[PDB]
């Protein structure tokens, strides 16, 4: 119930070496030269310049994404946008450009092997169909390790741009994107604000027992194929290093979140769990009649919130 959801705050599952793991990971990332590249890209828009932007990241993977900038003298405020799980079509260029038309230098980072970008990370062994369980038996090999770092590197690259006001950079996204937005804000102090639509990758131990649809269930499919009890124990150990309930505590930027009460993909409880772990200026928008989908009303909130803090 809404009354219980408002109070649901599961106990962190972070291991003693939680922060050490990330400290090291950030370091390995730092050992890679960004070597960013910009390439003009033609698009039927007036008042905005569009480019294709790539840069080197963790494991020497080349990360892609479209970069749209308001066509005028800046520095303009900027946004790094993250897309949903297996939900990126044509690098979501139309969204990127529209954000630019709203006055934001925007870059839509494409998640490794999904919407685009290269993934050099080896596949240690078998796993369920999907990205959720690639290299899940070790925090070092897990899929989202590289992804999280790419999100951080993305901010480093954007911030370094001359036409970008480094003091007015925001991160936004829904589900997977919202999770990347929060993880990036937790692992970096570059973003000034965070907006996350029903964030994914949160409260994994409950998610696998409450979700009714993919992709959380990819973990269940994994356990079905690997009956060893130790596998389950090790898998959840790995996931704890990437769980939002453990990362939320490091977020110090103002955060705006949304949750649809009939969401079957990113269950309300998993989202409230992340929200209730945030120790910063925050606000959660609850929509009774919406699920894992585009919520018109929240779009107004999003625009208003970003405008207030960046525009």
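Residue numbers count along the first chain shown, from 1.
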Comparing mean C-alpha B factor in the record for 260 to 268 and 36 to 44, the higher one is 36 to 44
Name the higher of the two by mean Cα B-factor in the PDB entry, 291 to 299 versus 19 to 27. 19 to 27
In the PDB entry, which of 212, 219, 87, 207 has its C-alpha at the highest B-factor? 212
Could you tell me which one of 121, 227, 203, 117 shows the highest CA temperature factor in the PDB record? 227
Ranking every modelled residue in this chain by its Cα temperature factor as given in the entry, which third contains residue 180? highest
When the modelled residues of the chain are sorted by Cα temperature factor, does residue 66 land in the lowest, middle or highest third? lowest
Split the chain's modelled residues into thirds by Cα B-factor; is residue 102 in the lowest, middle or highest one? middle
By the recorded C-alpha temperature factor, relative to the other modelled residues in its chain, which third is residue 250 in? highest
Quick check for you: using the entry's CA B-factors within this chain, is residue 55 in the lowest, middle or highest third? highest
